[PDB]
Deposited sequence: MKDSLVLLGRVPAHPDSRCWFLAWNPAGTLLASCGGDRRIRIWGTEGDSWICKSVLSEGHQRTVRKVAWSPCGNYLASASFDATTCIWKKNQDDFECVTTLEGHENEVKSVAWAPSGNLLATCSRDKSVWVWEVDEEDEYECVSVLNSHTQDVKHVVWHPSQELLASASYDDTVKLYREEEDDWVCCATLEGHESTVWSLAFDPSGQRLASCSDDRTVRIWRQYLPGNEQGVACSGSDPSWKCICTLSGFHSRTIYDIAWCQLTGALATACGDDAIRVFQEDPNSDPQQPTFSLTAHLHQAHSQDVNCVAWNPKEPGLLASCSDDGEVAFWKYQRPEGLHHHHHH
């Protein structure tokens, strides 16, 4: 049960590509094909536009991400740059990250606040360090993906980075002896991996794909009771198959409640819950919501509020954002 709380025309006559809540869950950033980033907050009984972020980008803003402190927003653009915006009382464009050869598809901040990752059609993930002066420098280029990189996201607490690619793989990266290495390549999807989400425990990662499945990957540390061989290892422990009629464009795993939402090319939002009597080594999930025509076109993003459990935001190719209350 997913109840509609409100709709806003966030990016009129263009795609709304992505949404991101600030850590406080008080503001929602949206971005899309009109080159603008909009910040949404409640005023009275409605979500309204508090700020419009323009004149940072000359092309589509594909994704946005907030710093763990909530003071900064990053925007990944088809103009091959990522802009950093600082919140002041309004947002100002403070920095432009240049270096990618082609369209930037995603951006994400590490939980330390000291690093961010961007990824690109140029088939790479770049790791950037921010210093005390608010200056940004590329500290590592991660080039092992062989195709267009679609998404980056960091672990909820650790300096562990995940990426998803048109090459059908998910990769994990960490810092080892003063340099960033790919510590896992997760194979199993049969087509493009569009998005990723870590679970509340941080021990698992969900991926979604053009192959119309969600895969659940679990981290196994050396000496695990399950006997997963290590040289941590990641293994697929669940595939949610046969539940999506079209490409799955986005996945969101609620850090508060563990509810797993998906955004699909059939215009529907679905929510799944892990079965609390299932074996955690071979878990099962139940479909708990299936909202047909959630939007009038493809759903590109779902994002759970990090402070209000069950509050879900979604957006669509039709330019709209919707707010929902999930009744479990």
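**Request:** Quickly check which stretches of the deposited sequence aren't in the model, judged by C-alpha, and list them in order.
**Result:** Those parts of the chain that were deposited but carry no coordinates are 1-3, 93, 236-238, 336-345.
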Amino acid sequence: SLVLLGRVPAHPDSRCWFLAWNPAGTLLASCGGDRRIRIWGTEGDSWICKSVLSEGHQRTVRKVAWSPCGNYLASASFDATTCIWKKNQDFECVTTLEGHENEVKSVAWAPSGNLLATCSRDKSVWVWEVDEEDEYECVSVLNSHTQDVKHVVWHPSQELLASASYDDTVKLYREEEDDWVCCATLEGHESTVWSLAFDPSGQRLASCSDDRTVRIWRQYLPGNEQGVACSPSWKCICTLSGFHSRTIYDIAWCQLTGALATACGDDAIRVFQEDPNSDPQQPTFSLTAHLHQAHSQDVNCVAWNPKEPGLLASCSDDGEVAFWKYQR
From here on, numbers count along this sequence of modelled residues.
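**Asked** Which has the higher mean CA temperature factor in the PDB entry, 314-322 or 7-15?
**Response** 7-15 has the higher mean C-alpha B-factor.
**Request:** Could you check the entry and say whether 220-228 or 191-199 has the higher mean CA B-factor?
**Result:** Stretch with the greater average CA B-factor: 220-228.
**Request:** Go through 38, 63, 270, 35 one by one and give the residue whose Cα B-factor in the PDB entry is largest.
**Result:** Spelled out: the listed residue with the top C-alpha B-factor is 35.
**Item:** Residue selected from 146, 114, 75, 88 by maximal Cα B factor
**Value:** The listed residue with the largest C-alpha B-factor is 88.
**Prompt:** Ranked by Cα temperature factor within the chain, is residue 96 in the lowest third, the middle third or the highest third?
**Reply:** It belongs to the highest third of the chain when residues are ordered by C-alpha B-factor.
**Asked** Ranked by Cα temperature factor within the chain, is residue 274 in the lowest third, the middle third or the highest third?
**Response** As the PDB entry reports it, the C-alpha B-factor of residue 274 lands in the lowest third of its chain.
**Prompt:** Where does residue 162 sit by CA temperature factor within its chain: lowest, middle or highest third?
**Reply:** CA B-factor rank for residue 162: lowest third.
**Asked** Which third of the chain holds residue 242 when residues are ordered by C-alpha B factor: lowest, middle or highest?
**Response** Residue 242: CA B-factor falls in the highest third of its chain.
**Request:** Looking at the entry's B-factor column for C-alpha atoms only, identify whether residue 81 ranks in the lowest, middle or highest third of its chain.
**Result:** It belongs to the lowest third of the chain when residues are ordered by C-alpha B-factor.
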